[PDB]
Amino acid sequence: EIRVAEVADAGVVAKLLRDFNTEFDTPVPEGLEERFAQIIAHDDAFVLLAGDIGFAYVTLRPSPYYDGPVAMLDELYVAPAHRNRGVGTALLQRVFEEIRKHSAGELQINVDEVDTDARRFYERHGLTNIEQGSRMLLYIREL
C-alpha cells in the first residue's frame, strides 16, 4: 500500500535511492539517510513509500503563479522486479492526491530524453513536455 514516509523510514528511502543510482551507474554521496531524515522532518517535502519496493520524493516550492506551491517529483522509482504491475501508477496517483492537499498549482518532473519508458509513462498519466508549442528543456550546473 502507499504511505507517507516518517522520519524513521529514512533508511528504506535511502536504500531505494541507492538502488536507483546503482541501476544507472551513478555514484551517490555519503549521508543519504541522514539527509532524508532531516528533509522528511522539517522541510516542505515528502516521500511516499510503496512497501519497501518503490518511492516518490516530492518537493514543494513557492510560485508567484499560484497561492499554493509548485511541486516537483524529484525522484520516482520502483524496484525492477516490481515494475509493470501498477506500482508506479499508484505512486503517481498518490503524488497528485497529496499535492492537492497543499493546493499545488502544478507538478513538474525532469526526465532524460533517452528514458522513453518513463516518458511514455508520464505522457500516459497526464504530463506534457510541451508549453506554448515548444518542448521544455532542463539546464543545470553542478556546484
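The first residue of the sequence shown is number 1, and the count goes up from there. C-alpha atoms forming the largest set that superposes within 1.5 Å between two forms make up the rigid core.
Core-superposed in 4 other deposited structures of this protein, which stretch deviates more in Cα positions, 107 to 115 or 38 to 46?
Stretch with the higher C-alpha RMS distance in 4 other deposited structures of this protein: 38 to 46.
Stretch with larger C-alpha RMS deviation in 4 other deposited structures of this protein, core superposed, 25 to 33 versus 93 to 101:
Most displaced of the pair in 4 other deposited structures of this protein: 25 to 33.
Quick check on the record: does 23 to 31 or 108 to 116 carry the larger mean Cα temperature factor?
Of 23 to 31 and 108 to 116, the stretch with the higher C-alpha B-factor average is 23 to 31.
Where do the C-alpha atoms have the higher mean temperature factor in this entry, in 66 to 74 or in 50 to 58?
Mean CA B-factor is higher for 50 to 58.
Would you mind finding, among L92, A45, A81, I99, the residue with the largest C-alpha temperature factor in the entry?
The record points to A81.
Among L138, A5, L143, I2 - the residue whose C-alpha B-factor is largest in the record:
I2 has the highest C-alpha B-factor of those listed.
Ranked by Cα temperature factor within the chain, is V12 in the lowest third, the middle third or the highest third?
It falls in the top third of the chain.
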